[PDB]
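First, one chain by itself: the form deposited in one PDB entry, in C-alpha cells.
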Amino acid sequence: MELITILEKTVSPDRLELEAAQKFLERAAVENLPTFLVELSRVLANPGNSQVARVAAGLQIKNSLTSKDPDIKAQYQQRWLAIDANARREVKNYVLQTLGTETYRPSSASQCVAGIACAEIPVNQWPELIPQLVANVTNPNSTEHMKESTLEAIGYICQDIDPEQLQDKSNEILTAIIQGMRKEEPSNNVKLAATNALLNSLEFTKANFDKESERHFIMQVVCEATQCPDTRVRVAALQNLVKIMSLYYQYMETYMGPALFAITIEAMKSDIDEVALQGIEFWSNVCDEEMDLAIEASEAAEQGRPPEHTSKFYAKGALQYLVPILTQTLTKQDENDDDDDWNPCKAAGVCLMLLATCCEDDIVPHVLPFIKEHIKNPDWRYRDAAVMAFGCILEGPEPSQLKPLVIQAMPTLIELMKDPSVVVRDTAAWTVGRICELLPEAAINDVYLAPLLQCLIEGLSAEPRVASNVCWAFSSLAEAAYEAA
C-alpha cells in the first residue's frame, strides 16, 4: 500500500472504510512504533498534501501520544519518552515548520506539538520549544496562521499540565500570549487564540501578578481586548477577568473602580447572551468570594483577632447599579424553554440570589420597587420576574423584615397560582415552596391559610414541576412542626 490515500480513508465518512484502515495503520503502532510517526511528520508538513491527509496526519500522531481519561494518559505518555532520540529530534522539526502552511482552521500541528509537549519537558528533554514559539508571535513578519497556529499550541500545553512544571516558564511564555492580544494586532484570530491561552495559564503565575510591573500590564491588555469589536474575543476577555477575579481578589482594588466596574457592569447589558453570561458570572463570582470572606471575618472575630485577609465590599456599592439589570434580565428567558441550559435568565436569578445572601438587609429595598411595579404587567415575562425576584431574596435577609413583607403579597401570590401564563404559575409555585422552607411561621396564617392549602392541593394535579414543588412545601411545613416540639 501507499500512505496518503489511506489517511484520506483513515477518517473517511463511512464507518467501514475507515474502521478498516484505522486498524491496518495500527498494526505499525506496536510493530513499527517509530518508523511510522516520522512518515506522517513530513506529509503533515508538505502543503501539497490534500486536507484530509494532513488533518488526519496529526490526528494519528496526536492520538498516539496522549489520552482523555487522566488514567491511561500516564501510559501513552512514557511512550514517546522511552523512544529513540533519533526520529524524535526529527519529528519535532517537521512539525515546528508545519504551522504557517496549513490552510484549515484548528490546525492539527498545534495538537501534536502539545501532546509531545507534556512529556518533553516534565523532565526537560525539549527546552528549545518555548523560545521557538515566542519567535512565532513576537516576530512581525509572520503569517496570520504562523501566529495563530502557534498560540493554539501554547494553550493546550497549559490545559494539560499541573501547575508545578510551568511555574518557571511564565515570563518566557506569557510574553508571547499577550503579544497576540495587543490592540495593534491585525487578525482577530490571533487575538482570540491568545486570549484563550491566558485562560489556561492564569492558574500558575502568582509570581507574575505579584509583581506590579506585569500585573498592571496584564490587566491593561485584558481590558483593552474587552473593548474589541469581534464578539469572539470579548467573551474570552471576560472569562479571564472572571477567572482573575476569583483568583486574585486582593489585588483587584486598584482596577475595580477605574476600569472593571465600568466594563463588567456594561457587558451584563449586552444583547448577546454569551457576553452577558460572562458579565453576570463576574459579579456573581465576586459575591461568592466576598461573602466567603464575610465568614473569615466572624469566625475569626469571635475568636478575637485580625482577619487574615479583608474584604473590600464591592457588591455593596454596585448593588444599586446591579439589581436593576439582574431583574430586567429576569426577562430574557427562552420560549421553548430548556431546563438545563445556561441563559441569562438563570445566571441573573442565581446571582440575584447570592447577592441577596451577601448584601443582606440592604437588598430588600433595591428589589421591591420592581415587584410592585411588575405584578400586573401584560407580558408574562415582566411578571414571573416579579415573582422570581421575590423568591430569590428570601435567604440572607432577617425574617423580622420578611414575614411582614410576604403577608401583603402572600394573598396576591395565591392568585398567581392560576395566572393565565404558564410560566407565572410554575414560578409562583416555586416561590411558595421557598416561602415555606425559609419562613415557616409567616406562611401558616389563618387569614390566608384556609385559602392557601386549598390551592396547593389544586396544584397536585397540575404540571410535574409545580406539583413536584408543592411538595418542597408541604414537606417543609411539616418539619416546621416536628421542630416546634
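Residue numbers run from 1 along the displayed sequence.
One more form of this protein, solved in complex with a partner chain, exists but is not displayed; see below.
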item	value
4.5 angstroms heavy atom contact with its partner chain in the entry with it bound for residue 360	no
In the entry with it bound, residue 212 touching its partner chain (heavy atom, 4.5 Å)	yes
is_contact(residue 321, its partner chain) in the entry with it bound, heavy atom dist at most 4.5 Å	no
Close approach of residue 271 to its partner chain in the entry with it bound, 4.5 Å, heavy atom	no
Listed residue that, although its partner chain is not shown, lies within 4.5 Å of it in the entry with it bound (heavy atoms), from 220, 132, 408, 167	220
Sole residue of 315, 356, 178, 233 within 4.5 Å of its partner chain in the entry with it bound, by heavy atom	178
Candidate stretches 123 to 131, 220 to 228, 304 to 312, 325 to 333, one within 4.5 Å of its partner chain in the entry with it bound by heavy atom	220 to 228
Site check 366, 372 and 401: each within 4.5 Å of its partner chain in the entry with it bound by heavy atom	no
